[PDB]
Amino acid sequence: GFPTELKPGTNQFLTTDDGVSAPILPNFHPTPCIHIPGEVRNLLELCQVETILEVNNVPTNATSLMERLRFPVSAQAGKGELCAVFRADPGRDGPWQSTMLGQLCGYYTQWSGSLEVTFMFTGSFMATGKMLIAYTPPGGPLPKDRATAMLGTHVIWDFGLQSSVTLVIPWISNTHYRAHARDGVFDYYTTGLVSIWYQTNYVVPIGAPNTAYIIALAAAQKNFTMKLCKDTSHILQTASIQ
Amino acid sequence: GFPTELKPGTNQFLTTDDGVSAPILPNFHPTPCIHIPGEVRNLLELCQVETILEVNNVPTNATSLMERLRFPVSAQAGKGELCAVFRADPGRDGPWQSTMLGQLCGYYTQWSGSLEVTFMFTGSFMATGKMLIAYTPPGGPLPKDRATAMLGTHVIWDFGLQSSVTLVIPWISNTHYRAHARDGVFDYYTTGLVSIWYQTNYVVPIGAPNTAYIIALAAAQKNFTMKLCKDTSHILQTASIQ
Amino acid sequence: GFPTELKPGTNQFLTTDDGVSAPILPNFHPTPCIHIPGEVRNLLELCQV
Amino acid sequence: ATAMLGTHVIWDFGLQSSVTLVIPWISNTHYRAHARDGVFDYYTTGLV
Amino acid sequence: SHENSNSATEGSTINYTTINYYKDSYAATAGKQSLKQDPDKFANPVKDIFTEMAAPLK
Amino acid sequence: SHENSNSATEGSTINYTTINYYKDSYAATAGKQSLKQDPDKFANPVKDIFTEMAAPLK
Amino acid sequence: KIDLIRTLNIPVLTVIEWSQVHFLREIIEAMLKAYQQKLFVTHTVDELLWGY
Amino acid sequence: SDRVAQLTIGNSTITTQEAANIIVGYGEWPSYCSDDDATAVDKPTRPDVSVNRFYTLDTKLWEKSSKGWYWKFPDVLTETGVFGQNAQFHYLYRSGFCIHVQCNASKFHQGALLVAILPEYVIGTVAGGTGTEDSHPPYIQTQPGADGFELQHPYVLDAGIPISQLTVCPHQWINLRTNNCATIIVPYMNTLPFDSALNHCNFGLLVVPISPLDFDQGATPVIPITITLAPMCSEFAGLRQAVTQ
Amino acid sequence: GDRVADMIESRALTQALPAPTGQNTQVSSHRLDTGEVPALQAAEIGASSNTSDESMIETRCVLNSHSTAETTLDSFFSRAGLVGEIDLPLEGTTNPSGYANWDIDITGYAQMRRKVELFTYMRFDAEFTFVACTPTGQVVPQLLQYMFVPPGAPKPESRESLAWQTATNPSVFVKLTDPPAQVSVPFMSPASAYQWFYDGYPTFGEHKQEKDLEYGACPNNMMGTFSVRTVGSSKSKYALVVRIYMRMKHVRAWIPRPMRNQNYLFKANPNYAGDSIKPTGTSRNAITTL
Amino acid sequence: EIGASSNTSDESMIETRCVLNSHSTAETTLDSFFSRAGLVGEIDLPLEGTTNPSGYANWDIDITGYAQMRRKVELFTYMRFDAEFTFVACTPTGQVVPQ
Amino acid sequence: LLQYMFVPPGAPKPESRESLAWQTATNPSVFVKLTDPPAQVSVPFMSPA
Ligand SMILES: *[C@@H]1O[C@H](CO)[C@@H](O[C@@H]2O[C@H](CO)[C@@H](O[C@@H]3O[C@H](CO[C@H]4O[C@H](CO[C@H]5O[C@H](CO)[C@@H](O)[C@H](O)[C@@H]5O[C@H]5O[C@H](CO)[C@@H](O)[C@H](O)[C@@H]5O)[C@@H](O)[C@H](O[C@H]5O[C@H](CO)[C@@H](O)[C@H](O)[C@@H]5O[C@H]5O[C@H](CO)[C@@H](O)[C@H](O)[C@@H]5O)[C@@H]4O)[C@@H](O)[C@H](O[C@H]4O[C@H](CO)[C@@H](O)[C@H](O)[C@@H]4O[C@H]4O[C@H](CO)[C@@H](O)[C@H](O)[C@@H]4O[C@H]4O[C@H](CO)[C@@H](O)[C@H](O)[C@@H]4O)[C@@H]3O)[C@H](O)[C@H]2NC(C)=O)[C@H](O)[C@H]1NC(C)=O
Ligand SMILES: *[C@@H]1O[C@H](CO)[C@@H](O[C@@H]2O[C@H](CO)[C@@H](O[C@@H]3O[C@H](CO)[C@@H](O)[C@H](O[C@H]4O[C@H](CO)[C@@H](O)[C@H](O)[C@@H]4O)[C@@H]3O)[C@H](O)[C@H]2NC(C)=O)[C@H](O)[C@H]1NC(C)=O
Ligand SMILES: CCO/N=C/c1ccc(OCC[C@@H](C)CCN2CCN(c3ccnc(N)c3)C2=O)cc1
Ligand SMILES: CCO/N=C/c1ccc(OCC[C@@H](C)CCN2CCN(c3ccnc(N)c3)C2=O)cc1
């Protein structure tokens, strides 16, 4: 017959090859599709939907797991106190493991692009205040007072009729894509810190609750891309699934 | 199916074949390149950069290995003394193993083309002299006095404001390419000898150092080609690299 | 992949087949030839001497 | 290494024997009067 | 290329670059598909689409 | 030839003669590349290029 | 092993001596300059007498 | 027309009247980051005068038994001037450098230097002497700063690479019979277009006397080597508070 | 919106010429001419000398047809060299339970490492090949699973682990009777080039003696972990070795640098033996002899 | 509280530069996220035992038995796909036998 | 399993079975087992003359 030489790579089963394989059923015409709403063409639809970032990842018992979704503000008796601080990278174990930006990024080795965090103030109507939401770029450590986190990228947020503001964490990097920042030499790919500071106070009249809660929503921008797909870090199985 | 006959050479792993192999990652678009300076397109950029030939390959202890890079001249009390002599072939173990011409040629079985040697005089300003740098073609043995090395290709070098001269060892051969000259029947491919003779003297005034040092630089010309790539002669490993 | 059936004559080494085999050296350009006198093109030069 | 920070000239001794430090016109004001000790030291020009 | 339209991706205008050897389209390659995305049906599926610059609650 | 531009040699004007069977360009042959060389950026990268015939220090 | 004893720092006075005899001069003078040290330290008894 | 030069950039100029020639490293000038290459999405700062100055750093005395020195760039200038203030505030950084090293001597002194660049000059150790203990170099041997650091084994450049083929990288010689200075213009070489200025040191300036200094007794025995450098086309990004290390 | 003239006013020297063969040598004659001298160069410029053959010796017309195609980077690097070896012994200390995690660092063997350390930055595709056999050399009917663990994916901790389900990782199931499994690997680094040399630290902070282990460790080069197990719940009855050969294709290399002459001692650092600094060449007793 | 993801961009929050983004979005399509062969079933045919001792096994096709392939495909509610199954079979010690 | 390798003039000859020269960083080498068909590679004109 025709001369053919079998080069290496023969007889293997690569689980990612895109090859023609034999059909089990000759000329089987499947069921024709219906216009079903909400068709996903790409996973970057889902990384751009705002989704509850759990900044308050402190409580762990089962009767208080709903406490994680929102973090408190209250009437401080002073000048520029730290409200909350969290890592600004979706790969690191922390607040970002609850958002779908941070769990579709668990399947991809390295991501890029700027990403947004939205804070919805859920207080009363007549309770006002101003918060400073400051993104500190990498290298700069956890800031010790409000007048050093002021130096980074920051947003002065007023509590008003439009309830929420969007801190937009910009894409500041030394590299085009960055992989997932963990402790060690993989902390080279850290994204920074986001720290939230009281700028004036949280003032209320008499009759309003003096403790309000901020819900942190988080997603990505439209220049967000991911690549080099991998398996996720959590394995959702312990024994044989019966 | 289609008739196919498997001819010999099947199921082997040749380490130099240029074959298509299966991609591990479907449609992975890599990181786009930046204009990084100094791009090498070919290894014959690097064989044409002058590079310190160690003619004085005599001292061996670790406290005097910097003595090898340069060889002395001094005020001779006489007529035409031999300053230094070295083999003119980049393959043979000797002076040429320090230059990158002589270590990229360690990866190629056979080379061709003329090649240049440059001698930079590093004496004082007011110290003058004339040196005779003579390339003796193969067959002719190590010359015994200056009036027999005069017969070969030679350069009269004056010490002046332009400090260096280039002996250009021409491509004189019986063959198109020549392989690496070693002792035995592979000494058929020897290139010759380069011997350096005082032509007048090294004269100084009072107050100048009466011992100066010549740094020998060496590279190849633009007609230098190599072929039939092989592994190098030194193996830079003794045990398991931990 | 593509359907292929291996007919007999497979995996043999015929010492007279004229087949493509893998090159050991990628893009190696050999030494260019010289006009050497007395080139034989055919063995029927030598049967006529 | 602190006078390096200002305007400076690296001067080599050569066949052209002289160099010219050119003190530029750096001022907060269009003209400056004569700098003496006191509040007239406001019009100082600097140090070489 | 005289295959049946058996693939589970029929339902678009453009075809894909999928090489196939059998007469059934579901046995073909996965190929490369179109890089069209519509984030506005998941991000902001509001009735009257407000712009970025304006305050969302006039 | 409807492959993706995945190869790590994109960034020149001319392409190479690399035969490929998969849809990804990094799985292709090494092929033969262009025989352009620029020794003057390693040999003589001086600002004002002096010629051979003249003395280099006028 | 708890008792803290504050005294001179003998190694950093040893390596100043080594710079006076030109035994590793520019190596040691780069150590004490970029890593600022203390002439007076405070360690435990078993550290100061049996290796630290 | 080649022996005499003048390099003015910023507010600082240097004159030389016994130069060799200016070499431009890898044949191209330092330039700004194009929008084909940049990935950071904030607008960079470009001070353009206040940081493009010839900073004269230190002065190494060169006697007859010296080994050689090296300076890691840009960590020689993260403690100096408005470059050292912008590189400590800003996370990202890119620049080229115009590197000018002076070493004058009389017309009776002799000796040659190999002032050479090399990118990503990583430093090895002596591995515990016999070569079995994985010792890493300290932070001061790694990044000495503006003080410089003296080579221990200059034949292997403290990295297991020979100095005999250092001449591949951008270099020029200071032999005291011909020239007294050596200008090396270096572009920004790194993979990613900006990087941190406190962690990554792009290249090291090896200054090694190969042919040793020699002079009869009676001449001036103090022959200094001063290096001056100028960051050209520098730009920074990613503003935050001051880190020092 | 400015009236200033300072703001409104606010590039390579070399051209890559095509050179398929080495250049010809045109006919020269003698020359008895003052003024111009092609021999006397100035090596303190730091330029390689542009003196040719013709202006030093009377030469003949040589039409040089010697090709320069063997010396390109795609012909110098596209040879499969041994970069890794994985042992799966029956009983021992090193991997006694039939799995092995070999993190991909191809600087563990000194022939492939010596060539690719000539350049500082290299950007390349590679095709890895996994030649596996018993330590005596023979092939045995044993099934293996190779899988590639990127940075962040769960490392498999045992033979019968859950991470071997390879839901998204690429994995290769080959038995040892088959030819060697050969897969091609793209350029995966976040940076634009694999840098073999990273003079710096990956993380910020103070740099004490305890964390000098990070020096020279760039995260843009460490690209994950290659894991291999004998497919099965029980232990396999064959000792195994897996040799990994990779050849580089589509290579672009930047910024040459001097080639190593001291012996390699460790991975990912240029540490060399201190008392045993050997000269880069051979030696002779005197300079005036051979 | 509209329930829309915010359409605030980079440019209207910080002074930005012209970045020509050439980062491809082809790795994140559904055909590149799902076309990886994951373990969805295991069938045991032991010599002697309880579970299938007589050399046959009926495994009804439910690919929700292993939690890496199940975790990805439970991101979406309705999925329409073609599949290519592959049946890697061996002895429990791993070796291949002429069977 | 066997490894054939081609040592040009100047390359290090391997001196043992477990040597370092078998790493074949630049030499061409063929890994064939004896169950396979005979390994067949083509060799160019390599002589300097
Ligand atoms: C207890 O006990 C103990 C024991 O003893 C003690 O200890 C001590 O201490 C002391 C004090 O410190 C001391 O003494 C001192 O010493 C020092 C040192 O010496 C040493 O060293 C040296 C060095 O050398 C170097 O250099 C040279 C040149 O110069 C060269 O050549 C060489 O080679 C070297 O080099 C090296 O190093 C360098 C550094 O830099 C580097 O760079 C390089 O690289 C290299 O590496 C030496 O040399 C010496 O030696 C000696 O010895 C030998 C033996 O073997 C011999 O052979 C020799 O010759 C010598 O000797 C000589 O010298 C010396 C001096 O040096 C004398 O002394 C003698 O005698 C003889 O002559 C040695 O090893 C020194 O420096 C010092 O001296 C100083 O001082 C004195 C008094 O004090 C005086 O007299 C003198 O003069 C001097 O002065 C000077 O200096 C200063 C400072 O620097 C200055 O400032 C001044 O100004 C002066 O200068 C002047 O003069 C000069 C002349 O000299 C001139 O030149 C100039 O110009 C100017 O004009 C002292 O002596 C000791 O040592 C110790 N010990 C031992 C044993 O050691 C303790 O103390 C006790 N305690 C108590 C409490 O007491
Ligand atoms: C030699 O002199 C030096 C100084 O002149 C002296 O060093 C100091 O000793 C004191 C006492 O031991 C140390 O103070 C302790 O520090 C620890 C660490 O923070 C604290 O936890 C201790 O707090 C306790 O204090 C009370 C007891 O003193 C308790 O009532 C209380 O509840 C705490 O438990 C305590 O403050 C001090 O740190 C050192 N200073 C230095 C610089 O080392 C040293 O002790 C003297 N040596 C001798 C042998 O006398
Ligand atoms: C079934 C799936 O089969 N999968 C196979 C497979 C094969 C290879 C693979 O990734 C190969 C990575 C290599 C191409 C480059 C390795 N590199 C880059 C530079 N570098 C450095 C740089 C500086 N210091 C050190 N020490 C090392 C280094 O070691 C992934 C998967
Ligand atoms: C020789 C002949 O070789 N024949 C091979 C062969 C292979 C596969 C095969 O059919 C494969 C069916 C799968 C593609 C889809 C399985 N599905 C659909 C959704 N689903 C669900 C949905 C909701 N809850 C649960 N629990 C499960 C589920 O499990 C038929 C024949």
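If I ask for residues that are surrounded by 14 or more Cβ atoms within 10 Å (Cβ to Cβ) and more than 9 Å from chain B (Cβ to nearest Cβ), which ones from segment A:16-26 would you list?
Selection gives A:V20, A:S21, A:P23.
Among the listed residues I:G46, I:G108, I:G84, identify the single one that is within 30 Å of the chain's Cα centre (by Cα), within 7 Å of another protein chain (Cβ to nearest Cβ) and within 16 Å of ligand 3 (Cβ to nearest atom). Reasoning before the result, please.
Values: I:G46 fails: within 16 Å of ligand 3 (Cβ to nearest atom); I:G84 fails: within 7 Å of another protein chain (Cβ to nearest Cβ).
Exactly one of I:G46, I:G108, I:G84 is within 30 Å of the chain's Cα centre (by Cα), within 7 Å of another protein chain (Cβ to nearest Cβ) and within 16 Å of ligand 3 (Cβ to nearest atom), namely I:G108.
Can you tell me which residue is farthest from ligand 2 (Cβ to nearest atom) among those in segment I:244-289 that are small (G, A, S) and over 14 Å from B:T238 (Cα atoms)? If you could, list the steps in order and put the result at the bottom.
Kept after step one, since they are small (G, A, S), are these residues of segment I:244-289: I:253, I:268, I:273-274, I:276, I:281, I:283, I:286.
Filter again for over 14 Å from B:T238 (Cα atoms), leaving I:253, I:268, I:274, I:281, I:283, I:286.
On the way: I:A253: 56, I:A268: 40, I:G274: 38, I:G281: 58, I:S283: 58, I:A286: 65 Å.
So the residue we want is I:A286.
Which ones in segment A:1-19 are away from ligand 3 (no atom under 16 Å from the Cβ) and either of a type outside the set (A, V, I, L, M, F, W, C) or assigned to a loop (DSSP other than H, G, I, E, B) (or both)?
Going residue by residue through segment A:1-19, those that are away from ligand 3 (no atom under 16 Å from the Cβ) are A:1-7.
Within segment A:1-19, A:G1, A:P3, A:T4, A:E5, A:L6, A:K7 meet the criteria.
Criterion first (facing another protein chain (nearest Cβ under 10 Å), polar (S, T, N, Q) and loosely packed, with under 10 Cβ neighbours inside 10 Å) does D:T7 satisfy it?
no
Please specify each residue of segment J:60-77 satisfying the condition of being surrounded by 10 or more Cβ atoms within 10 Å (Cβ to Cβ) and either more than 7 Å from every other protein chain (Cβ to nearest Cβ) or assigned to a loop (DSSP other than H, G, I, E, B) (or both).
Within segment J:60-77, J:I63, J:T64, J:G65, J:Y66, J:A67, J:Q68, J:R70, J:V73, J:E74, J:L75, J:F76 meet the criteria.
Taking segment B:84-103 only, how many residues are surrounded by fewer than 24 Cβ atoms within 10 Å (Cβ to Cβ), farther than 16 Å from B:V155 by Cα and touching a strand residue (DSSP E or B) at 6+ places or on another chain (Cβ under 8 Å)?
Total meeting the criteria: 2.
Quick check on segment I:8-27. Is at least one of its residues touching a helix residue (DSSP H, G or I) at 6+ places or on another chain (Cβ under 8 Å) and not in a loop (DSSP other than H, G, I, E, B)?
Yes.
Among the residues of segment D:27-39, write down those that are small (G, A, S) and surrounded by 10 or more Cβ atoms within 10 Å (Cβ to Cβ).
Taking segment D:27-39 as the starting set, the residues that turn out to be small (G, A, S) are D:27, D:33, D:35, D:38.
Scanning segment D:27-39 gives D:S27, D:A35.
From the residues in segment H:54-72 that are near ligand 1 (Cβ under 8 Å from one of its atoms) and in a loop (DSSP other than H, G, I, E, B), which one is nearest to the chain's Cα centre (by Cα)? Talk me through it step by step, then tell me what you get.
To start, the set of residues in segment H:54-72 that are near ligand 1 (Cβ under 8 Å from one of its atoms) comprises H:61, H:63-67.
Retained after the next criterion (residues that are in a loop (DSSP other than H, G, I, E, B)): H:63-67.
On the way: H:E63: 21, H:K64: 23, H:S65: 22, H:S66: 18, H:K67: 17 Å.
In this case the residue turns out to be H:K67.
Exactly one condition in (1) crowded, with 19+ Cβ neighbours inside 10 Å; (2) within 16 Å of ligand 4 (Cβ to nearest atom) is false for A:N42; which is it?
(2)
Residues in segment B:46-79 that are more than 7 Å from every other protein chain (Cβ to nearest Cβ) and either more than 14 Å from the chain's Cα centre (by Cα) or polar (S, T, N, Q) (or both): how many?
Number of matching residues: 13.
The rows are residues; the columns are (1) more than 28 Å from A:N11 (Cβ to Cβ); (2) over 23 Å from the mean Cα position of the chain (by Cα); (3) charged (D, E, K, R); (4) within 16 Å of ligand 2 (Cβ to nearest atom).
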| residue | (1), (2), (3), (4) |
| --- | --- |
| I:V172 | no, yes, no, no |
| I:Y194 | yes, no, no, no |
| I:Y201 | yes, no, no, no |
| I:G205 | yes, yes, no, no |
| I:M223 | no, no, no, no |
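Count, please, the residues in segment E:9-44 that happen to be among the small types (G, A, S) and in contact with a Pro (Cβ under 6 Å, 6 or more places away or on another chain). Please lay out each step first, then the result.
As a first pass, look at segment E:9-44 and keep what is among the small types (G, A, S): E:11-12, E:25, E:27-28, E:30-31, E:34, E:43.
After this cut, where a residue has to be in contact with a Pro (Cβ under 6 Å, 6 or more places away or on another chain) as well, the list is E:27.
Qualifying residue count for the region: 1.
Could you give every pair whose Cβ atoms fall below 7 Å, whose first residue belongs to segment I:209-226 and is within 16 Å of ligand 1 (Cβ to nearest atom), and whose second residue is not in a strand (DSSP E or B), counting only separations of at least 6 or pairs across chains?
Once the first residue is within 16 Å of ligand 1 (Cβ to nearest atom) and sits in segment I:209-226, no partner that is not in a strand (DSSP E or B) comes close enough.
Give the residue that is surrounded by the fewest Cβ atoms within 10 Å (Cβ to Cβ), with candidates limited to residues of segment G:1-16 that are away from ligand 1 (no atom under 16 Å from the Cβ) and of a type in the set (S, T, N, Q). Lay out the reasoning, then the answer.
Narrowing segment G:1-16 to residues away from ligand 1 (no atom under 16 Å from the Cβ): G:1-7, G:9, G:11-12.
Still in the running and of a type in the set (S, T, N, Q): G:7, G:9.
Working: G:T7: 10, G:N9: 14.
Across segment G:1-16, the extreme among qualifying residues is G:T7.
Output the qualifying pairs, or none if there are none: Cβ atoms under 6 angstrom, residues six or more apart or on different chains, first residue in segment B:121-148 and within 14 Å of chain H (Cβ to nearest Cβ), second residue assigned to a loop (DSSP other than H, G, I, E, B) and among the hydroxyl-bearing types (S, T, Y).
B:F121/B:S163
Return the residue satisfying two criteria in turn: it lies in segment F:12-55 and is in a loop (DSSP other than H, G, I, E, B) and of a type in the set (V, I, T), and of such residues it is nearest to the other protein chains (Cβ to nearest Cβ).
So the first thing to find is which residues in segment F:12-55 are in a loop (DSSP other than H, G, I, E, B), and the list is F:12-23, F:28-35, F:38, F:42-45, F:47-55.
Okay, now just the ones that are also of a type in the set (V, I, T), so F:13-14, F:17-19, F:29, F:49, F:51.
On the way: F:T13: 12, F:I14: 11, F:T17: 11, F:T18: 8, F:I19: 7, F:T29: 5, F:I49: 8, F:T51: 8 Å.
Here the residue is F:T29.
Looking at J:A4, J:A57, can you tell me which residue is more than 16 Å from ligand 3 (Cβ to nearest atom), within 20 Å of I:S234 (Cβ to Cβ) and surrounded by fewer than 18 Cβ atoms within 10 Å (Cβ to Cβ)? Walk me through it before giving the result.
On the way: J:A4 fails: within 20 Å of I:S234 (Cβ to Cβ).
It is J:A57.
Which is away from chain H (no Cβ under 14 Å) and over 30 Å from B:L43 (Cα atoms), of I:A39, I:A19, I:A5?
Working: I:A39 fails: over 30 Å from B:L43 (Cα atoms); I:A19 fails: over 30 Å from B:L43 (Cα atoms).
Only one candidate passes the filter, namely I:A5.
Which of the residues spanning segment H:1-37 are buried (at least 20 other Cβ atoms within 10 Å of the Cβ), under 30 Å from A:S112 (Cα atoms) and either out of contact with any strand residue (DSSP E or B) (no Cβ under 9 Å at 6 or more places or on another chain) or polar (S, T, N, Q) (or both)?
Selection gives H:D37 alone.
Which residues, counting only those in segment I:221-242, are more than 16 Å from ligand 3 (Cβ to nearest atom) and either surrounded by fewer than 19 Cβ atoms within 10 Å (Cβ to Cβ) or of a type in the set (S, T, Y) (or both)? Give the derivation first.
Going through segment I:221-242, the residues more than 16 Å from ligand 3 (Cβ to nearest atom) turn out to be I:232-241.
If the condition is that a residue be more than 16 Å from ligand 3 (Cβ to nearest atom) and either surrounded by fewer than 19 Cβ atoms within 10 Å (Cβ to Cβ) or of a type in the set (S, T, Y) (or both), then I:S233, I:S234, I:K235, I:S236, I:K237, I:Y238, I:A239, I:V241 are the ones that fit.
Pick out, from segment H:167-234, the strands (runs of 3 or more DSSP E) lying fully within it that include 3 or more residues that are away from chain I (no Cβ under 12 Å) and buried (at least 22 other Cβ atoms within 10 Å of the Cβ).
In segment H:167-234, H:203-214 are the strands (runs of 3 or more DSSP E) which contain 3 or more residues that are away from chain I (no Cβ under 12 Å) and buried (at least 22 other Cβ atoms within 10 Å of the Cβ).
Within segment I:266-280, can one find any residue that is surrounded by 24 or more Cβ atoms within 10 Å (Cβ to Cβ) and either within 21 Å of A:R178 (Cα to Cα) or more than 14 Å from chain H (Cβ to nearest Cβ) (or both)?
Scanning segment I:266-280, I find no residue that is surrounded by 24 or more Cβ atoms within 10 Å (Cβ to Cβ) and either within 21 Å of A:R178 (Cα to Cα) or more than 14 Å from chain H (Cβ to nearest Cβ) (or both), so the answer is no.
Out of curiosity, is G:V41 surrounded by 13 or more Cβ atoms within 10 Å (Cβ to Cβ), away from ligand 1 (no atom under 16 Å from the Cβ) and under 20 Å from H:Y139 (Cβ atoms)? Working first, answer last.
Numbers: surrounded by 13 or more Cβ atoms within 10 Å (Cβ to Cβ): yes; away from ligand 1 (no atom under 16 Å from the Cβ): yes; under 20 Å from H:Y139 (Cβ atoms): no.
Taking the combined requirement at face value, the residue does not satisfy it.
So A:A147 fits all but one of (1) more than 19 Å from A:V204 (Cα to Cα); (2) aliphatic (A, V, I, L, M); (3) in contact with a strand residue (DSSP E or B) (Cβ under 7 Å, 6 or more places away or on another chain); (4) surrounded by fewer than 23 Cβ atoms within 10 Å (Cβ to Cβ); what number is the exception?
(3)
At least 3 residues that are out of contact with any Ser or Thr (no Cβ under 9 Å at 6 or more places or on another chain) and surrounded by 17 or more Cβ atoms within 10 Å (Cβ to Cβ) in each: list the strands (runs of 3 or more DSSP E) lying fully within segment I:88-175 that qualify. Steps first, answer last, please.
Details: elements: I:99-102, I:119-133, I:143-149, I:171-175.
Here the list reads I:119-133.
Values in this text are rule-based calculations from the coordinates and carry no lab data. Here the Cβ is made from the backbone with ideal geometry for all residues, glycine too, and neighbour counts use every protein chain on show.
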